[PDB]
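The data block below is input_26.cif; it holds mmCIF, C-alpha atoms.
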```cif
data_upload
#
loop_
_atom_site.label_atom_id
_atom_site.label_comp_id
_atom_site.auth_asym_id
_atom_site.auth_seq_id
_atom_site.Cartn_x
_atom_site.Cartn_y
_atom_site.Cartn_z
CA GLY A 1 84.10 270.63 15.66
CA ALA A 2 80.67 272.21 15.98
CA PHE A 3 77.55 270.77 17.60
CA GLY A 4 75.35 272.98 15.46
CA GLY A 5 74.36 275.21 18.33
CA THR A 6 74.85 278.96 18.03
CA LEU A 7 72.17 281.14 19.54
CA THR A 8 71.70 284.71 20.71
CA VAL A 9 70.58 286.45 23.93
CA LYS A 10 67.32 288.24 23.14
CA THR A 11 66.30 289.18 26.67
CA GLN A 12 67.85 289.57 30.11
CA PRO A 13 68.64 286.48 32.23
CA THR A 14 67.38 286.91 35.78
CA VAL A 15 65.51 284.70 38.27
CA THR A 16 65.54 283.69 41.99
CA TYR A 17 68.93 284.51 43.48
CA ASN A 18 69.23 282.99 46.92
CA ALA A 19 72.47 281.86 48.47
CA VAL A 20 71.62 280.42 51.88
CA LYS A 21 69.02 278.34 50.08
CA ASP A 22 71.49 277.63 47.28
CA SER A 23 68.96 278.76 44.69
CA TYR A 24 70.35 280.39 41.56
CA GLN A 25 68.38 280.42 38.31
CA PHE A 26 67.77 282.76 35.40
CA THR A 27 64.94 282.88 32.85
CA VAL A 28 65.59 284.05 29.32
CA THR A 29 64.02 284.45 25.93
CA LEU A 30 66.87 283.45 23.65
CA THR A 31 67.10 283.80 19.91
CA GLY A 32 67.90 280.99 17.50
CA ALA A 33 67.22 279.71 14.00
CA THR A 34 64.27 278.71 11.83
CA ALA A 35 61.80 275.83 12.30
CA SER A 36 62.41 272.11 11.57
CA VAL A 37 64.33 271.92 14.84
CA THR A 38 61.89 270.65 17.44
CA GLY A 39 63.63 271.64 20.63
CA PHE A 40 67.28 272.62 20.30
CA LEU A 41 67.87 270.99 23.67
CA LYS A 42 65.86 270.20 26.81
CA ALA A 43 66.02 269.69 30.58
CA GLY A 44 69.47 268.50 31.51
CA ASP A 45 71.21 269.75 28.39
CA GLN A 46 74.04 272.15 29.06
CA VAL A 47 74.81 275.31 27.15
CA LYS A 48 77.58 277.78 26.94
CA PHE A 49 76.33 281.36 27.11
CA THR A 50 78.34 284.51 27.05
CA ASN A 51 76.32 287.44 28.32
CA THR A 52 78.91 290.17 28.82
CA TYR A 53 77.76 292.92 31.16
CA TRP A 54 79.34 296.28 30.36
CA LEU A 55 77.14 297.91 32.98
CA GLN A 56 80.25 298.46 35.09
CA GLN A 57 81.30 302.05 34.40
CA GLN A 58 77.97 303.62 35.32
CA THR A 59 77.28 301.41 38.33
CA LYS A 60 80.72 301.90 39.88
CA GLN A 61 80.53 305.59 38.93
CA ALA A 62 84.12 305.06 37.85
CA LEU A 63 86.50 302.27 36.86
CA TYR A 64 85.91 302.21 33.12
CA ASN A 65 87.51 298.75 33.11
CA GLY A 66 88.59 296.74 30.10
CA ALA A 67 87.34 293.29 30.99
CA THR A 68 83.76 292.12 30.75
CA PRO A 69 82.46 289.21 32.95
CA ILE A 70 82.38 286.64 30.11
CA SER A 71 80.05 283.82 31.15
CA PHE A 72 80.33 280.12 30.34
CA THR A 73 78.47 276.81 30.68
CA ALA A 74 74.87 276.89 31.93
CA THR A 75 71.94 274.48 31.79
CA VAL A 76 68.64 274.39 29.94
CA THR A 77 65.72 273.24 32.06
CA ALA A 78 63.00 272.50 29.48
CA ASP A 79 61.98 272.38 25.83
CA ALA A 80 63.88 275.02 23.91
CA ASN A 81 62.05 275.97 20.71
CA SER A 82 63.62 276.66 17.30
CA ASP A 83 60.68 278.30 15.49
CA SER A 84 60.30 280.15 12.19
CA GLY A 85 60.99 283.47 13.89
CA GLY A 86 64.11 282.04 15.44
CA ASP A 87 62.96 282.62 19.00
CA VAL A 88 64.07 280.12 21.64
CA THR A 89 62.74 280.82 25.13
CA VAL A 90 63.77 278.68 28.12
CA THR A 91 64.79 279.17 31.74
CA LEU A 92 68.25 278.23 32.97
CA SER A 93 69.66 277.04 36.26
CA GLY A 94 72.77 278.80 37.51
CA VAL A 95 74.11 282.36 37.25
CA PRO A 96 77.06 284.44 35.95
CA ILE A 97 79.49 282.85 38.37
CA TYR A 98 82.60 284.64 39.69
CA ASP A 99 80.96 287.90 38.62
CA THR A 100 77.45 288.19 40.06
CA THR A 101 78.57 286.72 43.37
CA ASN A 102 78.08 290.02 45.15
CA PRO A 103 74.50 290.54 46.50
CA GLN A 104 75.92 293.45 48.52
CA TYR A 105 72.44 294.27 49.91
CA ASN A 106 73.18 298.01 49.90
CA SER A 107 75.11 298.28 46.71
CA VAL A 108 72.45 297.49 44.14
CA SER A 109 73.80 294.59 42.09
CA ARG A 110 74.66 295.25 38.45
CA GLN A 111 71.68 294.75 36.13
CA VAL A 112 71.55 292.16 33.38
CA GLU A 113 71.58 293.23 29.73
CA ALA A 114 70.70 291.50 26.45
CA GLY A 115 72.47 291.44 23.08
CA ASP A 116 75.04 288.68 23.64
CA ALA A 117 75.75 285.25 22.17
CA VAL A 118 74.84 281.68 23.13
CA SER A 119 76.30 278.25 22.34
CA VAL A 120 75.81 274.59 23.33
CA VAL A 121 78.23 272.50 25.39
CA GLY A 122 75.82 269.62 25.91
CA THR A 123 75.95 266.23 24.23
CA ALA A 124 73.01 263.87 24.59
#
```

Before we go any further, please render this structure as structure tokens.
Amino acid sequence: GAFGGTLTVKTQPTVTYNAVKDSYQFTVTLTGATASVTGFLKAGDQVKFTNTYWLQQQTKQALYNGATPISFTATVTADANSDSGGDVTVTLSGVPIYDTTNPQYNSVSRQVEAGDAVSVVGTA
């Protein structure tokens, strides 16, 4: 069954990435549907986002690869707007786990890219 949540990634999810302080968040302007939906979801509601980074080939200078990260459940941290323009901006807690786990410090981490899809795994 469907919850009625199917959104899009309009911008690039990136915010404070700190490990020793256990601080991982990302802010995004997401895209959604028309008005009459006052807040898709809010603080504490979980989503399921799939922002697939294909920025692998150029960053590794090789290894064309055939598997994109494929992200999963995240969490919305405030009022997420469904307006007439279908723009839903809200910041999330968490990160692309198992993929962006490499700060590297010398090897510049792969950059985030927009154009992916979003869904909702939260309940109430």

Separation of atom CA of residue A:105 from atom CA of residue A:90, in Å and rounded to one decimal: 28.2 Å

Coordinates-based distance that separates atom CA of residue A:67 from atom CA of residue A:97 (Å, one decimal):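 Separation between atom CA of residue A:97 and atom CA of residue A:67: 15.0 Å.
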
Selection result of the PyMOL selection byres ((chain A and resi 82) around 6) on this file, as an MDAnalysis selection string: chainID A and resid 33:35 37 81 83 86 88

Pairwise distance for atom CA of residue A:3 and atom CA of residue A:46, rounded to one decimal in Å: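 We find that atom CA of residue A:3 and atom CA of residue A:46 lie 12.1 Å from each other.
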
Report as JSON the centre and the edge lengths, in Å to one decimal, of the axis-aligned box holding every listed atom of stretch 71-74 of chain A, padded by 4 Å on each side.
```
{"center_x": 77.6, "center_y": 280.3, "center_z": 31.1, "size_x": 13.5, "size_y": 15.0, "size_z": 9.6}
```

Selection result for the PyMOL selection byres ((chain A and resi 9) around 10) on this file, as a ChimeraX atom specification: /A:7-8,10-13,28-32,49-51,87-89,113-118

Test item: residues at most 7 Å from residue A:93, all atoms listed in the file, excluding those fewer than 6 positions along its chain, as a ChimeraX atom specification: /A:24-26,74-77

Selected residue of minimal separation from residue A:100 among A:53, A:36, A:79, A:73, counting all atoms listed in the file: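 Of all the options, A:53 lies closest to residue A:100.
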
Which of A:60, A:85, A:17, A:48 sits closest to residue A:72 [using all atoms listed in the file]: A:48

Among the residues A:43, A:121, A:2, A:55, the one that comes closest to residue A:91 [using all atoms listed in the file]: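 Distance minimum relative to residue A:91 lands on A:43.
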
For stretch 73-98 of chain A of the block above, can you save N, CA, C and O atoms as a PDB file, in the first residue's frame?
```
ATOM      1  N   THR A  73      16.008   5.193   4.428  1.00  0.00           N
ATOM      2  CA  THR A  73      15.205   5.932   5.391  1.00  0.00           C
ATOM      3  C   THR A  73      15.997   7.068   6.048  1.00  0.00           C
ATOM      4  O   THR A  73      17.120   6.872   6.518  1.00  0.00           O
ATOM      5  N   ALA A  74      15.396   8.255   6.061  1.00  0.00           N
ATOM      6  CA  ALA A  74      15.962   9.409   6.745  1.00  0.00           C
ATOM      7  C   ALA A  74      14.892  10.035   7.633  1.00  0.00           C
ATOM      8  O   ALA A  74      13.834   9.438   7.827  1.00  0.00           O
ATOM      9  N   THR A  75      15.139  11.219   8.178  1.00  0.00           N
ATOM     10  CA  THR A  75      14.165  11.823   9.069  1.00  0.00           C
ATOM     11  C   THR A  75      14.016  13.324   8.859  1.00  0.00           C
ATOM     12  O   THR A  75      14.998  14.064   8.774  1.00  0.00           O
ATOM     13  N   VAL A  76      12.757  13.740   8.778  1.00  0.00           N
ATOM     14  CA  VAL A  76      12.385  15.135   8.628  1.00  0.00           C
ATOM     15  C   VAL A  76      12.400  15.810   9.993  1.00  0.00           C
ATOM     16  O   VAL A  76      11.975  15.218  10.987  1.00  0.00           O
ATOM     17  N   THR A  77      12.889  17.040  10.052  1.00  0.00           N
ATOM     18  CA  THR A  77      13.150  17.660  11.340  1.00  0.00           C
ATOM     19  C   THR A  77      12.296  18.912  11.572  1.00  0.00           C
ATOM     20  O   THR A  77      12.512  19.641  12.541  1.00  0.00           O
ATOM     21  N   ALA A  78      11.318  19.154  10.701  1.00  0.00           N
ATOM     22  CA  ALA A  78      10.442  20.315  10.847  1.00  0.00           C
ATOM     23  C   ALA A  78       9.289  20.270   9.859  1.00  0.00           C
ATOM     24  O   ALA A  78       9.095  19.272   9.168  1.00  0.00           O
ATOM     25  N   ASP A  79       8.530  21.360   9.807  1.00  0.00           N
ATOM     26  CA  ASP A  79       7.393  21.479   8.913  1.00  0.00           C
ATOM     27  C   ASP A  79       7.845  21.386   7.470  1.00  0.00           C
ATOM     28  O   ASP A  79       8.702  22.150   7.017  1.00  0.00           O
ATOM     29  N   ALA A  80       7.272  20.442   6.758  1.00  0.00           N
ATOM     30  CA  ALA A  80       7.621  20.233   5.359  1.00  0.00           C
ATOM     31  C   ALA A  80       6.445  20.608   4.449  1.00  0.00           C
ATOM     32  O   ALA A  80       5.433  19.915   4.403  1.00  0.00           O
ATOM     33  N   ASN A  81       6.610  21.701   3.719  1.00  0.00           N
ATOM     34  CA  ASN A  81       5.509  22.368   3.017  1.00  0.00           C
ATOM     35  C   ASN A  81       5.137  21.690   1.691  1.00  0.00           C
ATOM     36  O   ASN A  81       6.009  21.377   0.895  1.00  0.00           O
ATOM     37  N   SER A  82       3.843  21.458   1.462  1.00  0.00           N
ATOM     38  CA  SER A  82       3.354  21.146   0.126  1.00  0.00           C
ATOM     39  C   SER A  82       2.598  22.359  -0.423  1.00  0.00           C
ATOM     40  O   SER A  82       1.416  22.552  -0.122  1.00  0.00           O
ATOM     41  N   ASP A  83       3.277  23.191  -1.206  1.00  0.00           N
ATOM     42  CA  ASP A  83       2.676  24.430  -1.692  1.00  0.00           C
ATOM     43  C   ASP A  83       2.215  24.291  -3.140  1.00  0.00           C
ATOM     44  O   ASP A  83       2.363  23.232  -3.742  1.00  0.00           O
ATOM     45  N   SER A  84       1.677  25.365  -3.702  1.00  0.00           N
ATOM     46  CA  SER A  84       1.151  25.338  -5.063  1.00  0.00           C
ATOM     47  C   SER A  84       2.241  24.987  -6.074  1.00  0.00           C
ATOM     48  O   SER A  84       1.995  24.275  -7.053  1.00  0.00           O
ATOM     49  N   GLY A  85       3.455  25.444  -5.806  1.00  0.00           N
ATOM     50  CA  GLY A  85       4.552  25.213  -6.721  1.00  0.00           C
ATOM     51  C   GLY A  85       5.153  23.843  -6.536  1.00  0.00           C
ATOM     52  O   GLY A  85       6.046  23.440  -7.282  1.00  0.00           O
ATOM     53  N   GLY A  86       4.640  23.119  -5.553  1.00  0.00           N
ATOM     54  CA  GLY A  86       5.160  21.806  -5.254  1.00  0.00           C
ATOM     55  C   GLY A  86       6.594  21.841  -4.762  1.00  0.00           C
ATOM     56  O   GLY A  86       7.408  21.014  -5.164  1.00  0.00           O
ATOM     57  N   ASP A  87       6.918  22.804  -3.914  1.00  0.00           N
ATOM     58  CA  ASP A  87       8.247  22.863  -3.322  1.00  0.00           C
ATOM     59  C   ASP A  87       8.159  22.581  -1.821  1.00  0.00           C
ATOM     60  O   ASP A  87       7.385  23.206  -1.096  1.00  0.00           O
ATOM     61  N   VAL A  88       8.937  21.608  -1.379  1.00  0.00           N
ATOM     62  CA  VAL A  88       8.914  21.155   0.005  1.00  0.00           C
ATOM     63  C   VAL A  88      10.323  21.167   0.609  1.00  0.00           C
ATOM     64  O   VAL A  88      11.087  20.220   0.473  1.00  0.00           O
ATOM     65  N   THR A  89      10.667  22.254   1.274  1.00  0.00           N
ATOM     66  CA  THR A  89      12.005  22.411   1.829  1.00  0.00           C
ATOM     67  C   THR A  89      12.043  22.069   3.319  1.00  0.00           C
ATOM     68  O   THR A  89      11.258  22.599   4.105  1.00  0.00           O
ATOM     69  N   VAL A  90      12.953  21.177   3.697  1.00  0.00           N
ATOM     70  CA  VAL A  90      13.161  20.836   5.107  1.00  0.00           C
ATOM     71  C   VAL A  90      14.518  20.158   5.282  1.00  0.00           C
ATOM     72  O   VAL A  90      15.029  19.521   4.359  1.00  0.00           O
ATOM     73  N   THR A  91      15.107  20.319   6.452  1.00  0.00           N
ATOM     74  CA  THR A  91      16.402  19.737   6.735  1.00  0.00           C
ATOM     75  C   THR A  91      16.237  18.370   7.397  1.00  0.00           C
ATOM     76  O   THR A  91      15.293  18.142   8.163  1.00  0.00           O
ATOM     77  N   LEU A  92      17.156  17.469   7.096  1.00  0.00           N
ATOM     78  CA  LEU A  92      17.080  16.107   7.575  1.00  0.00           C
ATOM     79  C   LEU A  92      18.255  15.763   8.469  1.00  0.00           C
ATOM     80  O   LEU A  92      19.343  16.316   8.329  1.00  0.00           O
ATOM     81  N   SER A  93      18.021  14.848   9.390  1.00  0.00           N
ATOM     82  CA  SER A  93      19.079  14.321  10.226  1.00  0.00           C
ATOM     83  C   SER A  93      19.527  12.964   9.691  1.00  0.00           C
ATOM     84  O   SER A  93      18.699  12.130   9.317  1.00  0.00           O
ATOM     85  N   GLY A  94      20.832  12.760   9.632  1.00  0.00           N
ATOM     86  CA  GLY A  94      21.374  11.550   9.054  1.00  0.00           C
ATOM     87  C   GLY A  94      22.207  11.852   7.828  1.00  0.00           C
ATOM     88  O   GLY A  94      22.477  13.016   7.542  1.00  0.00           O
ATOM     89  N   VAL A  95      22.615  10.808   7.112  1.00  0.00           N
ATOM     90  CA  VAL A  95      23.429  10.941   5.900  1.00  0.00           C
ATOM     91  C   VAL A  95      23.270   9.698   5.032  1.00  0.00           C
ATOM     92  O   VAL A  95      22.656   8.722   5.464  1.00  0.00           O
ATOM     93  N   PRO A  96      23.781   9.724   3.786  1.00  0.00           N
ATOM     94  CA  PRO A  96      23.889   8.521   2.954  1.00  0.00           C
ATOM     95  C   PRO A  96      24.834   7.506   3.593  1.00  0.00           C
ATOM     96  O   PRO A  96      26.048   7.521   3.364  1.00  0.00           O
ATOM     97  N   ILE A  97      24.263   6.615   4.382  1.00  0.00           N
ATOM     98  CA  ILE A  97      25.029   5.712   5.206  1.00  0.00           C
ATOM     99  C   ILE A  97      25.522   4.527   4.384  1.00  0.00           C
ATOM    100  O   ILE A  97      24.862   4.113   3.430  1.00  0.00           O
ATOM    101  N   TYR A  98      26.714   4.034   4.748  1.00  0.00           N
ATOM    102  CA  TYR A  98      27.405   2.940   4.047  1.00  0.00           C
ATOM    103  C   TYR A  98      28.108   3.449   2.793  1.00  0.00           C
ATOM    104  O   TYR A  98      28.938   2.752   2.212  1.00  0.00           O
TER     105      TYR A  98
END
```
